[PDB]
Each structure stands twice: as C-alpha cells, then as structure tokens.
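Here the structure comes first, spelled out in structure tokens, and everything after it is commentary.
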Amino acid sequence: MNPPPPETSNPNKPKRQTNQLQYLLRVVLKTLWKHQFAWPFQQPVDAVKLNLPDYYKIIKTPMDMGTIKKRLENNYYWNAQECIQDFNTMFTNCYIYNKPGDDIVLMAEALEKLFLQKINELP
Ligand SMILES: Cc1nn(CC2CC2)c(C)c1-c1cncc(-c2ccnc3nc[nH]c23)c1
C-alpha cells in the first residue's frame, strides 16, 4: 500500500509571504518542473505502480516536487531554508534508495545541479 502523501495544508502553521518564497515557486520550482527529467519527481513515488514494495520501508521522509509545489501554494514554509530542505530531502531519498548509474539517479543528479544553480542567488 502507498502511504498518505506528506501534509500540504495546515492552517495552524506560522505563515508569511516573502520575496524569496515567491521566487522559489515562480522561478525555481516552476522552472525545474519543465525540465525533461522532472516527471518522476512531480508527484509522490507510487510504490504500488512502480512495484517497489520496499520503498516506503526504507524511505522515512518522502518528498517530491508536487508536494513542494502544494506547500508553497499554501504558504506552508516560513522561509526559503525550509523549502530548500524539502528539495534536498527529495534528492537524498533518491540517492538512498537507488545506486549510482541508475536512470533515476542520473535524472535526480541533473535536476539537483539545476536546482543548486537556481538557488545560488535568491532575491
Ligand atoms: C526512471 C525509471 N526507470 N524505470 C525502469 C527501470 C527501473 C528498471 C522506472 C520504473 C523509472 C521511474 C519511473 N517513475 C518514477 C520513478 C522514481 C521516482 C523517484 N524515486 C524513485 N526511486 C526508484 N524509482 C523512483 C522511477
């Protein structure tokens, strides 16, 4: 069975509208989203569909760009660091579960390089 996705709405969280948070959605996430290798990361890993019944026995904090996008849209992140942490969790989960040279690892490595380029300078 797939687990429920990470939470994306929480009215009790502290909330703020900042330039960097806006930039992380408008520029960083929305640009990564259009990359040719973004598709595996646009929604939670469907371990049932992908026949990966061990994925959610190994990965304990799942993360994906669809979840990140919903979080940004709900002002779930107080600051850019919290959002950047979720991107890094997403890449790290991929490198934990898979091995160097796997197609999915090549895809994540490409996206991570672009991500680091795009967050090198924030407003
Ligand atoms: C690329 C690719 N290649 N293949 C066929 C090759 C394996 C025999 C498959 C089934 C995929 C693929 C498709 N959709 C999502 C994922 C995925 C997304 C995030 N983390 C993952 N960890 C393991 N998979 C992950 C991967």
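Nothing in this text is a laboratory measurement; each read-out follows from the coordinates by a stated rule. Cβ atoms come from the backbone with ideal geometry, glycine included; neighbour counts cover every protein chain shown.
List of remarks:
- When the chain is treated as a GNM with alpha-carbon contacts under 10 Å, the residue of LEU25, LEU106, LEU50 showing the greatest mean-square fluctuation is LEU50.
- For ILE96 and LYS30, a Förster radius of 30 Å and the Cβ-Cβ distance give a FRET efficiency of 0.65, rounded to the nearest 0.05.
- Fully extending the segment from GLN117 to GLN17 would add 33.7 nm, taking 0.36 nm per residue of separation and subtracting the current Cα-Cα distance.
- Distance in nm between pseudo-label sites at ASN74 and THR8 (7 Å out along the Cβ direction from Cα): 0.8 nm
- For region 19-120, taking the reciprocal of the average inverse distance between every pair of different Cα atoms yields a Kirkwood hydrodynamic radius of 13.9 Å.
- Cross-link pairs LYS60/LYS99; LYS13/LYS49; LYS49/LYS99; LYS70/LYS99; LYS15/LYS69; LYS30/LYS113 - those with Cα-Cα distance over 26 Å: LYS13/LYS49; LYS70/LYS99
- Cβ-derived FRET efficiency at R0 30 Å, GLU82 paired with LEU50, nearest 0.05: 0.60
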